[PDB]
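Starting off, we have a lone chain in the form deposited in one PDB entry, written out as structure tokens.
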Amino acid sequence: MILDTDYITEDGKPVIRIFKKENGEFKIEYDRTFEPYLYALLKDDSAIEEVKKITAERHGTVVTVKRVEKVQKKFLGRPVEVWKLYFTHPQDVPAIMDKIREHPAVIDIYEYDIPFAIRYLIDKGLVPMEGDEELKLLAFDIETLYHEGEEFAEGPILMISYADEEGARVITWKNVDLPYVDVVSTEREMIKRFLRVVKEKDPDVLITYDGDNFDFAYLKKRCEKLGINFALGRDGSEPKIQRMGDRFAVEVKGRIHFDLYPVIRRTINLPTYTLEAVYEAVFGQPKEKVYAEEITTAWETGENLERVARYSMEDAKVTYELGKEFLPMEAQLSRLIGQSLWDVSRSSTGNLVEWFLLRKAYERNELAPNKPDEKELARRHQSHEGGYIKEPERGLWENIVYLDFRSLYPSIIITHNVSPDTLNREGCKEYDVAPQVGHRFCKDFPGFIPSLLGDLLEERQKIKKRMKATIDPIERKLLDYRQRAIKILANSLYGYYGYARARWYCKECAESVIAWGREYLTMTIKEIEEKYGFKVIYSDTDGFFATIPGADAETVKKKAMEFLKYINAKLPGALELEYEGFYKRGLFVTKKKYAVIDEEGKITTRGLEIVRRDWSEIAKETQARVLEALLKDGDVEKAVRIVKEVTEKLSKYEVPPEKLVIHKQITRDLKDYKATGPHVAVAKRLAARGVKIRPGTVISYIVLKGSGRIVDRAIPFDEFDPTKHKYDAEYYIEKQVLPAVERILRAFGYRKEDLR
């Protein structure tokens, strides 16, 4: 099993290291023969003689073109002759590529910015995380001494907890009488002991929770002051901290630093991403938080360290169990993308697609297009028309079927061969022409991206079959992971076509996919209304809700099935319409906001404040209770009674503050806010003290009683003291609960109620 690749330099030459785990033992394979390269397209073949003369300087060492080779490749489905220029060292390329491209004989260069180890995996056809080797996992966390004015890692590390299959322990240097706590003399001895623990256990995966941005940097500052060689890597190296955009990321050579925080942020949608909230969302058990001020007051008085030791231990144990439940999915994703788990777990959608496409391109000898320069990037920032949304027939409908397409945009791409290399290609027998926009796509040869998508969808349907076939939960979970990986990749390709930073960008493919989707959806709607007597209540991008207005459930169902058999005979290629489900009642409030209930009583809710993080739980829960009373029981008096009880408990200050927290994400540097709202005000105040606010931080605040601007009365929920502070009852009544419930009531048809 390949765990990772990197490279070192020996006497000026790059040496690839492949970190593998085979039949239970760790191994390092060295490759000294791999050369970096780029491609150049030239106007005159005779001009190469004076492109071998191009030289640069790295920082005092002179950089030359090691050798050249004339090659034939496909670019956008057409044959091209280019020159492959090799260099001695991958750092040569950034220094000389600019003088090459800006040569008069050079039209353009290609593939000059794929990082060396990624390039190695691609060109050798190696794929990490393959095979059936079992990796050893170990989670760890640290607890530090925090004060507000202090510089980073000013204070010592208090405890280091770690957890694995054997159990969870805490190393610390004040005495604590619990069976799982190991006391040592000093902070220095605690760090040395922890390092000994990792070296003894020798895990393949080190799991943290935001270790990328706190734990490893804290450990590094402390080891620099204490004089520790923090030799965590299997080759004896220290963790390697590097800048990734606006944040940092940490490698531990020979192991995999699995930082759960990015993984979970992009895998599940939660109102807040504290470790406590994540753990209770994933496993349903609560976990108590101890705040830094508490930990410090405790440490300085020696008072209640048993409580803080338990907090530290629990941090480690839940980090271990979360890692153990999220790792397999991320390993399947990494096996599909074809890159190391460290890379895939930290990467955005665009780069995952890019890495997959570069590998497939390499297999097919297709030259990769370049990332846009600044001018082209600015040019691609015009938007295009999106999917079709019918304005709903608002209100309460009975006996509803939902019909939708199976993978609409990928099906369109596959059926109509929508690709930059088939767009307006000349000289073909057969074309498909997108509606309303007129883009023509050759049908005589499969395009690059359509063929890849074909393979992906075929194998996802094979998997969905043999998933429920197997009796084995072993293989059922492995197949579910593989199938969900395929889905994420496949449904990112429509978006990638329109991603301004994409290599295989094509605005006309994005526009054509939209046009064909709008056509298929609206034409199917017309067919069910004209030929089958259905009324279409609501429609969004790829499906629609419909009923036969006077008909009972069984005739609605059977007519829908007849329509499905009729429409699918007519749909071309991979296009197919499916029966998603039947709903006894549905409440369509507005575009993107509605709720339906099935015959068994289960309510599903889309778009309503019920699902959003930036609405307080008192409002979300009252809206759900009003929704259940109206859509499940049809009891308006019960709903009015519910609202009256909640507004009364609010105005008597009886509702616990945790049900009043509002969560909103900071989406940018605080400097770049032109309108400063409550969560921005809170975050700016926090930044003016110690707290570092980066994009994606979730601010959780509560609105205090008082007059004047709400931005000045909102405090972080962490600082709320039910003795000191009183919350703003009237804000939570008038601006949170009543709007959310009155929108439901008005959608049912009950406009005026006392609600007081």
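One-based numbering along the sequence shown. Here, rigid core means the biggest group of C-alpha atoms that superpose within 1.5 Å across both forms.
What comes next is about the form deposited in another entry, which is not displayed.
Annotation: the position in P572, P79, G227, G125 displaced by at least 2 Å at CA between this form and the one not shown, with the core superposed, corresponds to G227.
Superposition of the core reveals a Cα shift of 2 Å or more for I702 between this form and the one not shown.
After superposition on the rigid core, displacement of the C-alpha of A469 between this form and the one not shown amounts to 2 Å or more. With the core held fixed, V184 shows a CA shift of 2 Å or greater between this form and the one not shown.
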